[PDB]
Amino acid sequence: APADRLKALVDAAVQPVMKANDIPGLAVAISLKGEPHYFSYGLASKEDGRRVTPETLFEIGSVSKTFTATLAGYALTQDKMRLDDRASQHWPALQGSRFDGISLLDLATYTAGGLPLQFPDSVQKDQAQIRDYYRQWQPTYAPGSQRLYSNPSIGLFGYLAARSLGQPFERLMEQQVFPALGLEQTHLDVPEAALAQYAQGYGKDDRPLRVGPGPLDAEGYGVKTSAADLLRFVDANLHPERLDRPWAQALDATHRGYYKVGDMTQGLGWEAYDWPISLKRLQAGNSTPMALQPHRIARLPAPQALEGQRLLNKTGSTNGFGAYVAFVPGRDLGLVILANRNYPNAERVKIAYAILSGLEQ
């Protein structure tokens, strides 16, 4: 009855949304009572007929920020940086710029003062162009006052955490972070030998779409991973104490809330809500205006533990993909939903919420 019931519940949550959004392929992984459960739907590639499995690689877009946060959490534990450091402390090129007056925490939590959603199209994947971009940038408003969701913001945070560790960001993820987390199906640059696992992404008129190079891509949106590996990452988040101390502490650092905007508490990478909360409120927290518009923050008196009866989540998209991850620390429950179409966040959250509410019922 239990396996039948879980299958029935996940099918009932996924299938209508998959169909309504014409999603070619979709992978679900659920961590429940200390055990993983995988559900795979449809096609990784419509053209060659490869089916989705729990090992299929999907682009996870902005979910990458949680890995980026974990690297920064590590740097914090290596006493290599502090959240209250000025950004320019970690890149001499920034000394004398406005980044003298902006903290690593401001950068990590999108409150640096109006850094935009993306780098302008004129900024290529080029260290000098990136450096020059930040040198010339001026805040629209005071640092620490307004949240404006931003790839350049947390991208810089990740880049400076890597600088504090004395190695390139990409090398650190591949050589240290992913191995420390036990992740062998998680990549910034998918190896040729693994390309057969990499799903095709689909956009309008089913044009094929995979993510191309961009400035600070690895930091903001560049990770490709499987449902099985992303769930392993969720289980690491549920049980940091199962890893060696330095990496336990790194994960813990991403479970700390610094301010609220409406129902959402902003951590490093992770965004948190009280649990339970209505589907409509969770949808609103992950809505377009939350990503695209500035919001005045309500700063907490002290960092808040993001644990117990809370839902921690992150959405992520690329041109061709749509990912969502959610977990409830106090219930030892986690879920991953990866699709090879960018479909609205509200729809991803709807699937997740249907699964979570069915599990409690």
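Numbers for residues come from their place in the sequence shown, where the first is 1.
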{"property": "Stretch with the higher entry mean CA B-factor, where the candidates are 218 to 226 and 159 to 167", "result": "159 to 167"}
{"property": "Per the entry, higher mean C-alpha B factor between 337 to 345 and 5 to 13", "result": "5 to 13"}
{"property": "Which of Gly201, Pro143, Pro116, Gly73 ranks first by CA B-factor in the deposited coordinates", "result": "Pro143"}
{"property": "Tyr110, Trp137, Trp270, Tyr259, ranked by C-alpha B-factor: the highest one", "result": "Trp137"}
{"property": "Third of the chain, ranked by Cα B-factor, where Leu279 sits", "result": "lowest"}
{"property": "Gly285 - which third its CA temperature factor falls in, relative to the rest of the chain", "result": "lowest"}
{"property": "Assigned third (lowest, middle, highest) for the C-alpha B factor of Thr68", "result": "lowest"}
{"property": "Third of the chain, ranked by Cα B-factor, where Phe178 sits", "result": "middle"}
{"property": "Among modelled residues of the same chain, the CA temperature factor third for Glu55", "result": "middle"}
